[PDB]
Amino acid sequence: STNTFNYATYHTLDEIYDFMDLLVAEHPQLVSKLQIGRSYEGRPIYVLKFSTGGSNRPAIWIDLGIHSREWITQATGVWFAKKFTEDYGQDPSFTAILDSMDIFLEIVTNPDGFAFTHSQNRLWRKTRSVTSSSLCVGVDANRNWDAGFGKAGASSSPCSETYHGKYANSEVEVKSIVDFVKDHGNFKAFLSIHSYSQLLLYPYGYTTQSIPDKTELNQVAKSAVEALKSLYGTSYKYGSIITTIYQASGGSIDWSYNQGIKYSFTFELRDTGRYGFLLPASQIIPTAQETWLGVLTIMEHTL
């Protein structure tokens, strides 16, 4: 069951997908498993929908593991999924959120990459799409979105780990999300979960121009990082992608924000570089716990 599932170890794709099935079997009135598309290599792409009912009500999007090597993110997503089912009807604030909004949680946004990080290359970042006139494989799915696509902050080289692909939305992993979010039509928050560096970022990455909601999003981010820090003292910086991490084009939250999804943020989880991508499994639960407080804070503001 999801009660005896080990949340304190890193899991395989099959184990995470199996976890989804268990959670849905245990909580059919709250959680459903949606298939939003197929990966390049033909693996199902799964989103968990958390809903108390209503008619096409406003929604929160959360993607994790778009960059496959960032194992702390998929691990945090599994923890999140369980947490939602525990806290609904128990925590007044989360109850209020799920009473007015649906949450769509995509734990493994890049399943081909995730498989590849277990089988061949632990540090694999990109998708696994074949590039026609190249010996190199894959596209950076977080450089592939239709928001300043192909501008500075991505590579045009197929062998680069920040290769943007031939055109915006070329990667089915990205197109599946775009289609789903657009078809739904009523997303109010869009949160992309990455690692590492302990940052909470808002748009833009592709341009130095500040967003018109900078004051509000900056305050939300400030509040969220203070909530996060309250648990273990984990210090996060916050600000726009471009001013806080680097210039990056074709990124997810730049796209989502441009769709009018005001509360668009990217988390960069633990750590700052001591362990980096190879954050030990004993850090999964404390990371997920503190990150939850930050995410909940954003959800409260979206509410």
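Numbers follow the displayed sequence, beginning with 1.
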Higher avg CA temperature factor (84-92 vs 140-148, as deposited) belongs to 84-92
Ranked by mean Cα B-factor in the entry, 128-136 and 214-222, top stretch is 128-136
Entry record, C-alpha B-factors for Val108, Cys159, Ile193, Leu105; the maximum is at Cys159
Of the residues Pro58, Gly250, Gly260, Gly65, the one whose Cα carries the largest B-factor in the deposited record is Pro58
Sorting the chain's modelled residues by C-alpha B-factor and splitting them into thirds places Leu30 in the highest
Quick tally, chain-level thirds of C-alpha B-factors: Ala281 sits in the lowest
Sorting the chain's modelled residues by C-alpha B-factor and splitting them into thirds places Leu269 in the lowest
Sorting the chain's modelled residues by C-alpha B-factor and splitting them into thirds places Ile241 in the lowest
For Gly113, the third of its chain by CA B-factor is the lowest
